[PDB]
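Only one chain is shown below, in structure tokens, and it's the form deposited without the ligand.
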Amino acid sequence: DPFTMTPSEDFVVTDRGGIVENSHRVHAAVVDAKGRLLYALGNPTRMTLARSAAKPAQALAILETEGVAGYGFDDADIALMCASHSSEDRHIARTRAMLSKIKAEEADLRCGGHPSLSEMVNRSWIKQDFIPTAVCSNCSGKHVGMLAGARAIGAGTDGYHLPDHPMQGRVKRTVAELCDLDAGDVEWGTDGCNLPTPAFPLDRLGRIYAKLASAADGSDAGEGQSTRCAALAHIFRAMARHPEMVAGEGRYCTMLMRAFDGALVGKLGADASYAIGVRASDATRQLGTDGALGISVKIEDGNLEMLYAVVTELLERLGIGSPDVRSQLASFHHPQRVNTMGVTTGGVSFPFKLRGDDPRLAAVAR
């Protein structure tokens, strides 16, 4: 019944010959520069672990640490602070260059090695019997920034990663301030890289990225800015100018940001969260806002292939980009379902409905 559809029915589905294989629940928020909710899928206020999609907020805490400007981090270094990188040789080399700028050593890092986020990098490592170390962490740039901040304020590099350290107090405050939340409305766990990681309502992740893009618009327009808005504009610019540092060759985030050529930034979180900050455009005005836009997505069950398909679908439904810009992402939008003998066996479909119908149809967030 098309006239009784509900947020509880917002799915992405895979089929085999038209027979349902898997279904995945989708949650999404689309917000304006003040965080007002414009569009939604599923539960746009779902309490959600932002994971690596929080990294621009952690980069802001680093860049707002007094004395950090003195180390001479450049835009590619800031983009690495914002990264879940593929551990390509260029990412490891930049991590070592950043450690040299702060006179620190790989032994000061409190992140650990893991298999690469890139299948091709991981194949190179397997071929050479290479065991990844701390410097190879997808979060290595964030950790070097946290060490830089610790040294800058004279707090000591020992325990920079623990909640009692002032660098983590700064991160905690900065995340809550960008979300416009009380500290008690942000929950904290521990991440794969061994830092504190926040959880907050999904719409507030959209709000962070709307603030990033709004700051970029203010900077480009030559508006007078707070130190905080200038730092946010710098983070947006660094991610957009160096998208290969944010992820790497063949990665969604890098391909998305190269396709859009400065119009937006986007970032993956582990367990299938995504956030995008969109600069004011004809598309944002058509959506009914006079400023920048933020988008956040979660796939309930954590599937990354589905996340990238949904994010690309939602950009198409919001009219963000042109068909020609979005076509660079076609392999992610409609993932290949081809068997071991080259036969197409199925596909992906998007039985979800954006909401902004009878007044009597309740839209219960689910």
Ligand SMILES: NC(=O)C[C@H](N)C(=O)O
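In this text, residue numbers run from 1 along the sequence as written.
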- Does the entry skip any residues of the deposited sequence between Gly356 and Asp357, and if so, is it 1 to 3, 4 to 9, or 10 or more, or none at all? 4 to 9
- Message: Per the record, averaged over C-alpha atoms, which has the higher B-factor: 258 to 266 or 111 to 119?
- Response: 111 to 119
- Note on the structure: Assert higher mean C-alpha B factor (127 to 135 or 178 to 186, deposited values) equals 127 to 135
- Looking at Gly277, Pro166, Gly250, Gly141, which has the biggest Cα B factor in the entry? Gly250
- Of the residues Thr312, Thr340, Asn43, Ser322, the one carrying the largest Cα B-factor as recorded: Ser322
- Task: State the tercile, meaning the lowest, middle or highest third, of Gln225 with respect to the CA B-factors recorded for its chain.
- Result: highest
- Item | Within-chain third of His27 by Cα B-factor, per the entry | lowest
- Would you please rank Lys101 by its C-alpha temperature factor against the other modelled residues of its chain and give the third it falls in: lowest, middle or highest? highest
- Message: Splitting the chain's C-alpha B-factors into thirds, which one does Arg51 fall into?
- Response: lowest
- Message: Among the modelled residues of this chain, does the Cα B factor of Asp158 put it in the lowest, middle or highest third?
- Response: highest
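Separately, the form solved in complex with the ligand exists; it is not shown, and the next lines address it.
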- Message: Does any part of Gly294 reach within 4.5 Å of the ligand in the bound PDB entry? Heavy atoms only, please.
- Response: no
- Should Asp191 be classed as touching the ligand in the bound PDB entry when contacts are defined as heavy atoms within 4.5 Å? yes
- Message: Is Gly248 near the ligand? Define near as a heavy atom within 4.5 Å, in the bound PDB entry.
- Response: no
- Message: How about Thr95 - does it come within 4.5 Å of the ligand in the bound PDB entry, if we only consider non-hydrogen atoms?
- Response: no
- Query: Which single stretch, out of 52 to 60, 310 to 318, 65 to 73, 327 to 335, brings residue heavy atoms within 4.5 Å of the ligand in the bound PDB entry?
  - Reply: 52 to 60
- Query: Which pick from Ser84, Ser116, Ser214, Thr284 sits with a heavy atom within 4.5 Å of the ligand in the bound PDB entry?
  - Reply: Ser84
- Message: Looking at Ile102, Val135, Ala270, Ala152 here, can you tell me which has any non-hydrogen atom within 4.5 angstroms of the ligand in the bound PDB entry?
- Response: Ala270
- Listed by sequence position, which residues of 347 to 366 have a non-hydrogen atom within 4.5 angstroms of the ligand in the bound PDB entry? none
